[PDB]
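Architecture at a glance
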Amino acid sequence: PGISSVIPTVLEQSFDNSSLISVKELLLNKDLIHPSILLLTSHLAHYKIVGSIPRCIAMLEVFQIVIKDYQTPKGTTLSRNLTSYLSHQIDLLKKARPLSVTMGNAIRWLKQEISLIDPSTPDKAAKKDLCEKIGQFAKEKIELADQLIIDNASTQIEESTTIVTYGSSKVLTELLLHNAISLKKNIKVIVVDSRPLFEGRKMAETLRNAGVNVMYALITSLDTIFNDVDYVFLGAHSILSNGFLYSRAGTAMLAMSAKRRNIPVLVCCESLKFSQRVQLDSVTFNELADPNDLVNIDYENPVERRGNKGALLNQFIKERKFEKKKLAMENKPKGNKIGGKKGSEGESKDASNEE
Amino acid sequence: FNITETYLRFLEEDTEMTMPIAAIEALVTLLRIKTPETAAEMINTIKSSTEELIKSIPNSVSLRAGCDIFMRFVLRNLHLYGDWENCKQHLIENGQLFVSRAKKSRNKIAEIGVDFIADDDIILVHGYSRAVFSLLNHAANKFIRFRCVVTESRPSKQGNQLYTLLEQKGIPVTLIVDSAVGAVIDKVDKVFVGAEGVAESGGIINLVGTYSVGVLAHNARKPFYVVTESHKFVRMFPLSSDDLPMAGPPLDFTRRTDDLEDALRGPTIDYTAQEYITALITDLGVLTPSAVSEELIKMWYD
Amino acid sequence: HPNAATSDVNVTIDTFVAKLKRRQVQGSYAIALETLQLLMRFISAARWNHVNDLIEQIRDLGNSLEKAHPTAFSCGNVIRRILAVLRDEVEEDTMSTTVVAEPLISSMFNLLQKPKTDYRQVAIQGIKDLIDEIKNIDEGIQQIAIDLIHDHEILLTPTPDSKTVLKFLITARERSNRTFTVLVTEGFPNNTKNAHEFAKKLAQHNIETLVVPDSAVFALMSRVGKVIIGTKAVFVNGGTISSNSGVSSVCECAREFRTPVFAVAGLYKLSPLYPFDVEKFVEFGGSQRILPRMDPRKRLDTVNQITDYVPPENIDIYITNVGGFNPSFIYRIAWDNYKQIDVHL
Amino acid sequence: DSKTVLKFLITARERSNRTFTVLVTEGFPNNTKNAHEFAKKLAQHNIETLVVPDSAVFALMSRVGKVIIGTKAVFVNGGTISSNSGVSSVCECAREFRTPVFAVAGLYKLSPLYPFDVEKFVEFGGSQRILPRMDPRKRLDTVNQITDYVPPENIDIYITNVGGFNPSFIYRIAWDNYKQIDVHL
Amino acid sequence: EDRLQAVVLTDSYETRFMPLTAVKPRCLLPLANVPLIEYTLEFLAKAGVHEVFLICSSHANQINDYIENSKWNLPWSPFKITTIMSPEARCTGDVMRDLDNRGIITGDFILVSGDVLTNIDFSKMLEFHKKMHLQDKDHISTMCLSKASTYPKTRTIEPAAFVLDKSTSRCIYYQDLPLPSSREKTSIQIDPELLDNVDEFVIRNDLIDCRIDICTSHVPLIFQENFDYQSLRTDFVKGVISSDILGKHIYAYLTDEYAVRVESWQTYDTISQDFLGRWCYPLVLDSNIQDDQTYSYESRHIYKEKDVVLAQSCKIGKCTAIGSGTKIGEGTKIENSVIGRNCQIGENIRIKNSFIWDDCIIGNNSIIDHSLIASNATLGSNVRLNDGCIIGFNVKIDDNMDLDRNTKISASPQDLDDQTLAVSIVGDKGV
């Protein structure tokens, strides 16, 4: 049937709208669930690597796997309780970690597919062609697009470079790696990290795994960092109806700093990620998570010290809250790199009705 | 046969037909000799010619824009799936036709879209384009009490030339220095611009001092405008605040020389951002807000 | 000039140096106190006969102290103040020894034209005065302070490192009819623990605390009302040196948002020399505190700094023990405490 | 003023858990009565009312969250002509203090004509409802306008039946229902 | 707790520096363009010293002169210097014997082997030593060890695998291996004499040598008693473990932060790099210790003294340090290398990860990579060196040479090729 109630720590006062709670440790559920979905949910909940790009891919893969494993019942047709199952899966996902814009898109696509071949077919002929189709789609709208983006970036660099970076943008990692290896330029990389999830550290590790010339710093440590240095790059999650940068955490401040210190910024985007849901603030709907993302005392992740802090529910009058997804200022990031090479983010929905 | 030769042909005269149109005409002439039926013998050769032209450029931008537009037009042409002859003929016709169109576009610009200077709104102008001058000369026959302000042009004294073109209409004018550009933003109403191209980013690819002007306009909130015949949407992106496809050096720190030699490599081309066009005057309707980008998208279907 | 004269006459110089170098001395206040004590020791013991020569000696001592440590500004400042105290008395004395007109208290034109006594006790008294001044800044601030902030407003708080700032906050929080919500930025590789402590204290004080990751400033700025800097030192053209990390960016943000920036400090913190650079003044931390490993960490050249400099432009008011001043005005306050020739030793 | 804007407000207020306080400028020349009516309507539903003088916006703006308009005419480069009184200065203030500006809009209310000058589109008002008696009018010069124009530099969203759109974008919307030929008839 | 005397093992690891340590003393050589002794002295002071004692032997007169010149020389010092002058060349047993003969040994007496400079606050350590001493009567001496760079790889001379305690912090086993260098004895041993008493056996190797010891009144007497212990690490600790004097306790201090001693040349380089960076918490030269110094801090981990001059347009990579009185010309590419005091660079020179000592000429159009140039030794025009090419005293590398990897060069005016007189060996010239 499921589990509700019993939530950790104080609920504060402001930003009280989104799901942030729940099944972290499992105790009794419904009895026909394929466990791969559950496993994925468990992973996503306690993930410290994922950042917009790969989640959707993973979801797609999972769906493919499900399809491959799918057995059509001896009684009812190929989609009778399948829809119910899907709904349940969605509910589980939401309970674990919210459906992103890419996830929504994927769901839409799935629904479309369901409509396309209506109930009349057997088993090993329909799903044979479905799986292949979906694979082809994946190959098309994703990997090739990424490749295109990479190649656009390749030309975008001219002569002599010194750069500052942020975010677990898989594409950006690929980009920088490409710069390092198969372009052999004078590519300097400076890394900025973040407390909620360690993306910067991962990026640094990846750089090391190539042997890159790397400086490393954080959100605050910037005022000295510019004392030659030109380029700045970011990795957005999604763009709405407005053209505003509805992405992850520590971007906006950095962007502002860059704007102030003379040389502009460039972000990269994908031609599926755009939405018709409309918002202009952080408060409307955000990735909100458990305050356990702020317990550790610096340096690394698994250390656990009995130093000064380590309580929340017993702390009378104390409101410890943090945000994961932000909404960056529209006019600030200049260049955007999508499927049609280059353009101003004043486009907003130029590809939305184009579909 | 050469496009270069054709380009050379017009210089002393000109001052009438849009450059991008002359280039297009030349291209058409080059084409209609060596059989435009086949797509194997032709398109590749055209591309090669364009590349050659690009290589041969001294300091000119819009040629590329013209040629890509032409290419796009050609591509559009053979979608009717009828026959090779008729379509070819149509294509051939559409070169001189295109040239003819430019004048009509200019006319449209100078009779509908000239209501931006009316109540003696004093005009601070820089960037010599034909369209801007055409509209100003066409508004001199209406006598709407117009006044001109000229920021000095110094690549090699185009300013003098400009001041000589406004003396044939008989209208009070004044010389302005681009160091005292902070000094007078008061009595002059608005800042109007001629240029060399409009970017995929949105902003303007221009001349010897423009970004500063833009900045000052922004500071003063007295709106900043760009006026042209519409076919300068080149596939180019000025991602930085000091980078473009440039003909000369980008700020060349010359060595410790002696008798006043290496100096005058002063930036004769500059650019300002997308949040600067309060309006853009184009013949395809008065459209601006994200218009160029939209057009580009329509062209490349992306 | 070496320690050749200062041996069995005065000893504690070396101790002072040790305290400076290895950081057994902590907090500007403590440094100032130490300096005062040093000065007292100098006075109770040293041998004079003359006056100009004594002044020269003192100047040399000051120079030596500066050379031993620059980031300790309080030390310097107090010395300068005491020099100024001495100087006025000397000037007064000279007038009687010899046996004057000026439009205001000091003159530019008096520098162009040609211009045994009990000064030791006056010098002694100067030190005492300085000590007293140091004793309480807060008990001359909270009358210009519990005035600016109001009901249903929202504060933004970087640098919970200056002991003054916290006290100022808490005095405001005291009132039973005044209410405000407090946002607190962390400051990571130099301030985290301090920030946490501050948060805890706020919680204890029975007020609405809000813990903020250094990233998430932008997602809350719409509601923001005020800006408070936890500065350590103050300079000529208005600006301040701060007690480390996570202040500059936030200040910049505030400026962009045009959301008021206040400075809470003190005039012992006030210095009589220009910060022509940030580089010569602001110092850097330890690259070890960010990341483990060592042999892959010759490659991992990481940059992190303690202190923070902010330009004069972003900040607008400097409320003191004397009262409310401005970045344009603070120079004259400095002049009112240290004299014209004392700037350069 | 409109029945649309009021209804929009009412719908929001129905969900009374959503907390919002209303500041209403009177609007000196013509809006006064209408403003009062609006206030009365708000009171009827149980919506918290605050009546504002037009000079006093600088004193309020730093505390103002979100600003909603109910315009008459929507334009090309993003700006609007609103149903009379006190909108330009307000917008300027918002720009200075950086404030979010909502606008209730309709595509049939939206015009594809471009406004180029203040010297034409801005509609002026009657001195009849300023000062009685006409013998002081011999020397002094009373200046007043009814409906006012907005530069797009300020407003940010247009909440329609279709959706909220960007001002430096709304041209496309218009063109998705209008042309370049049907302009200068 | 207070009143503690210092004894430093100096003039010890000569010829471990295989080309150098021949004309002048071991410890007198400049590390970061300024003497190695001074750092150690400062560390000692920080710890808590009350008198200075040094074992000077390998050239003593120069050491004495240095001491005379030094700052602890004058009355102001809490600790005066009086060097121990014995007959030449004797092992640490013999030195101990000598010390005992003289007899100024008291309570918690302090012995440091070699020269060390680290950050960790010593007061806490001292306190811990005291408290542990107060536990049982037969407690001896203190070890310093720190957690390493996750995995061991640049450690072959001294990669001692310590089997250790958490409940007492006490050593069980000491073993040295060639393992990463010479694959002959890929090997581990455990001796069972302390098996069924400890129970919490922890197997490790990832800990670093420091050679710093607080030693009780037991130690010199013990040394005198057992004359077989000529050494102090391999024979001594093992002996202690095997119950030579039955029922006796030792210390093994374990710190989460950096602690390494001076050993080889690559290790030296690493140490220097660490010092330059922000590794050991507050240790700097910009603070200025020896008074005659004028060092100042700069951006991107760059050191500049006052009197330092570098000319325009020379693109630097990361982390560079320059000594006073330096003149550098134009068009140079430098990455992670130190150029010493009053050194002179000509023009157009490529550098990566190098080391340059007191008053050295980097000649016109030359490349230095990961290699070292010593005091007064000069590089002329066109010299192409590679990784870890050691250059000794007064080596005059004149005109046109090509030295391959790890080519060591002599120092005294013998066994190794390339010598003091004109041109390094490609065409034979010398004594």
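Residues numbered from 1 in each chain as written, not as in the entry; some residues may be left out. Chains lettered and ligands numbered in written order. Part of a larger assembly, values for the part shown. Heavy atoms only, no water. Residues with missing side-chain atoms left out of burial classes, pairs and counts.

1. So, the overall build of chain C
- A tally of regular secondary structure across chain C gives 10 helices and 11 strands.
- What you see for chain C is a C-alpha radius of gyration of 23 Å, in line with the 20 Å of a compact globule of 345 residues. (Helix = DSSP H or I, 4+ residues; strand = E, 2+ residues; numbered from the N terminus. Rg over C-alpha atoms; globule rule 2.2 N^0.38 Å.)

2. Points about the nonpolar core
Residues and elements named next belong to chain E.
- The biggest cluster of nonpolar side chains holds 54 residues, and the ones touching the most others in it are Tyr39, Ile339, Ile356, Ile368, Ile373, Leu385 and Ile391.
- Going through the elements one at a time, helix 1 (36-47), helix 7 (266-276), strand 21 (355-356), strand 24 (372-373) and strand 27 (390-391) are the ones with two or more residues in this core.
- A per-element tally of this core places helix 7 first, with three residues.
- For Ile391, the residues in contact, after removing those within four places along its chain, are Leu372, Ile373, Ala374, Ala377, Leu385, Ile397 and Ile409. (Core = buried A, V, L, I, M, F, W, Y, C linked by side-chain atoms within 4.5 Å. Buried < 20%, exposed > 50% of the residue type's maximum accessible area, 1.4 Å probe, protein only. Contact = heavy atoms within 4.5 Å.)

3. Brief notes about the pattern of salt bridges
- Enumeration according to the criterion identifies 35 salt bridges over all chains in this entry.
- Here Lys324(A) makes a salt bridge to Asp293(A), at a shortest N to O gap of 3.4 Å. Taken together, the positions of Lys324(A) in the loop between strand 8 (319-320) and strand 9 (326-328) and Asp293(A) in the loop between strand 7 (266-268) and strand 8 put the pair 31 residues apart, joining distant regions of the chain.
- A salt bridge links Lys339(C) to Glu91(C); its shortest N-O distance comes to 2.9 Å. (Salt bridge = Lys/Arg side-chain N within 4 Å of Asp/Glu carboxyl O.)

4. What to know about the domain arrangement of chain C
Residues and elements named next belong to chain C.
- With domains assigned, chain C is organised as domain 1 (9-135) and domain 2 (137-336).
- Computed over C-alpha atoms only, the centres of domain 1 and domain 2 are separated by 30 Å.
- Counting residues at the interface gives 14 residues for domain 1 and 15 residues for domain 2.
- Going through the elements one at a time, helix 2 (28-45), helix 4 (73-98) and helix 5 (120-135) are the ones with two or more residues in the side of domain 1 that touches domain 2.
- A total of five residues in the side of domain 1 that touches domain 2 trace back to one element, the largest contributor, which is helix 4.
- In terms of residue class, the side of domain 1 that touches domain 2 is made up of four nonpolar, five polar and five charged. (Domains from an automatic or database assignment. Nonpolar A, V, L, I, M, F, W, Y, C, P; charged D, E, K, R; others polar.)

5. Observations regarding the interface of chain E and chain C
- Contacts between the two partners involve 22 residues from chain E, matched on the other side by 22 residues from chain C.
- Secondary structure elements with two or more residues in the side of chain E that touches chain C: helix 1 and helix 7 of chain E.
- Of the residues in the side of chain E that touches chain C, the class split is six nonpolar, nine polar and seven charged.

6. Description of the packing of aromatic side chains
- Within this structure, the stated rule accounts for 33 aromatic pairs over all chains.
- Ring geometry for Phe116(B) and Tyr114(D): centres 5.8 Å apart, planes at 50°, overall tilted. Of this pair, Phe116(B) sits in the loop between helix 5 (84-111) and strand 1 (123-126) while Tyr114(D) sits in the loop between strand 6 (101-104) and helix 4 (118-121), on two different chains.
- Residue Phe116(B) is classed as buried on the basis of its relative accessible area, which comes to 6%.
- Its end group placed over the ring of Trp300(B), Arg235(B) keeps NZ or CZ at 3.9 Å from the ring centre. (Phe/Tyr/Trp six-rings, centres within 6.5 Å; stacked < 30°, edge-to-face > 60°. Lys NZ or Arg CZ within 6 Å of the ring centre and 35° of its normal.)

7. Some points on the arrangement of the chains
- The assembly contains seven pairs of chains in contact; the pair sharing the most contacts is chains A and C.
- Note that chain B does not reach chain E: the shortest distance linking a C-alpha of one to a C-alpha of the other is 11 Å.
- There is a gap between chain D and chain E: no contact, and a shortest C-alpha distance of 37 Å.

8. Some remarks on the interface of chain C and chain A
- Listed as interface residues are 47 residues of chain C and, on the opposing side, 45 residues of chain A.
- The element that contributes the greatest number of residues to the side of chain C that touches chain A is helix 8 (residues 188-204) of chain C, accounting for nine residues.
- Here the side of chain C that touches chain A is built from residues that sort into 22 nonpolar, 12 polar and 13 charged.
- Relative to strand 3 (residues 209-212) of chain C, strand 8 of chain A runs parallel, the two being bridged by two bridges. Looking across to strand 3 of chain C, one finds that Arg320(A) is bridged to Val211(C). (Pairing = 2+ DSSP bridges.)

9. Description of the pairing of strand 5 (residues 231-234) of chain C
Residue and element names in this part refer to chain C.
- Bridge count for strand 5 against strand 6 (residues 240-242) is three bridges, and the pairing is antiparallel. Within strand 6, the position partnered with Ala233 by the bridge is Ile241.
- The turn linking strand 5 back onto strand 6 is made up of five residues, and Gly238 within it adopts a positive phi angle of 115°.

10. Things to note about the packing of helix 2 (residues 53-69) of chain A against helix 5 (residues 126-156) of chain A
Residue and element names in this part refer to chain A.
- The N-to-C vectors of helix 2 and helix 5 enclose an angle of 170°; their axes lie 10 Å apart at closest approach. Accordingly, the angle class assigned to the pair helix 2 and helix 5 is roughly antiparallel. On helix 5, the residues touching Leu60, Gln64, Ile67 and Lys68 of helix 2 are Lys127, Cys131, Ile134, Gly135, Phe137 and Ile142.
- A per-class count over the contact of helix 2 with helix 5 returns six nonpolar, two polar and two charged. (Axes fitted to C-alpha atoms, helices over the stretch in contact; angles between N-to-C directions. Parallel < 35°, antiparallel > 145°, perpendicular 65-115°, else oblique.)

11. Side note on a nonpolar patch on the surface
- Among the surface-exposed residues, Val236(C), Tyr274(C) and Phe276(C) lie close enough to one another that they form a single nonpolar patch of about 270 Å² accessible area.
- On the secondary structure map, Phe276(C) appears in the loop between strand 7 (261-264) and strand 8 (301-302). (Patch = residues over 30% accessible without salt bridge, like charges linked within 9 Å, V, L, I, M, F, W, Y side chains within 5 Å. Areas by Shrake-Rupley, 256 points an atom, 1.4 Å probe, with all protein chains shown as cover.)

12. Thoughts on helix 4 (residues 62-77) of chain B
Residue and element names in this part refer to chain B.
- Its 16 residues place the ends of helix 4 23 Å apart at the C-alpha level, agreeing with the 22 Å of an ideal helix rising 1.5 Å per residue.
- Within the span of helix 4, buried status applies to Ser62, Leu63, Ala65, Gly66, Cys67, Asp68, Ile69, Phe70, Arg72 and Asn77.
- Those residues of helix 4 hidden inside the fold are in contact with helix 1 (3-9), helix 2 (19-31), helix 3 (43-56), helix 5 and helix 9 (291-300). (Expected span 1.5 Å × (residues − 1).)

13. A short note on the environment of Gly197(B)
- Mapped onto the secondary structure, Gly197(B) falls in strand 5 (residues 197-198).
- Every residue in contact with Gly197(B), bar those within four places of it in the chain, is listed here: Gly203(B), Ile204(B), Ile205(B) and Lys232(B).

14. A look at the packing of helix 1 (residues 3-14) of chain D against helix 2 (residues 31-45) of chain D
Residue and element names in this part refer to chain D.
- Following both chains from N to C, one finds helix 1 and helix 2 inclined at 25°, their axes separated by 11 Å at the closest point. The angle between the axes of helix 1 and helix 2 places the two elements in the roughly parallel class. By crossing handedness, the relation of helix 1 to helix 2 is classed as right-handed. Judged by residue contacts, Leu6, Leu9, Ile10, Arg13 and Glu14 of helix 1 engage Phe38, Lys41 and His45 from helix 2. (Left-handed = near helix turned anticlockwise from the far one by under 90°.)

15. Focus on the environment of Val278(C)
- Within the element layout of this structure, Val278(C) appears in the loop between strand 7 and strand 8.
- Residue classification places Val278(C) among the partly exposed positions, given a relative accessible area of 24%.

16. So, unusual backbone geometry
- Of note in the backbone geometry, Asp120(B) takes a positive phi value of approximately 45° without being a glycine.
- Tracing the chain through its elements places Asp120(B) in the loop between helix 5 and strand 1.

17. Here's the deal with a positive patch on the surface
- Taken together, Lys315(E), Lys333(E), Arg350(E), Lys352(E) and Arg384(E) make up a surface patch of like positive charges.
- Checked against the element boundaries, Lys333(E) lands in strand 17 (residues 333-335). (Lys, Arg positive; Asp, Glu negative; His and termini not counted. Charge placed at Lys NZ, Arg CZ, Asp CG, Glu CD.)

18. Notes on the sheet that holds strand 1 (residues 161-166) of chain A
- What the four strands build is an open sheet, ordered 1(A)-2(A)-3(A)-8(C); its pairing is parallel. The open sheet is flanked by strand 1 of chain A together with strand 8 of chain C, the only strands paired with a single partner.
- The sheet strands contacting helix 7 (residues 200-208) of chain A are strand 1, strand 2 (187-193) and strand 3 (214-218) of chain A, and the helix crosses strand 2 of chain A at an angle near 150°.

19. Considerations on a negative patch on the surface
- On the surface, a cluster of negative charge is contributed by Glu225(E), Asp228(E), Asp235(E) and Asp244(E).
- With respect to the helices, strands and loops of the structure, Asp228(E) is situated in the loop between helix 5 (219-225) and helix 6 (236-241).

20. Remarks on the sheet that holds strand 10 (residues 335-337) of chain A
Residue and element names in this part refer to chain A.
- Overall, mixed pairing links the four strands, which are arranged 4-7-10-11 in an open sheet. What marks the edges here is a single partner per strand, and that holds for strand 4 (233-235) and strand 11 (343-344).
- Pairing analysis gives three bridges linking strand 4 to strand 7, with the strands arranged parallel. Residue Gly235 lies in a different strand from strand 7, and its bridge partner there is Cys268.

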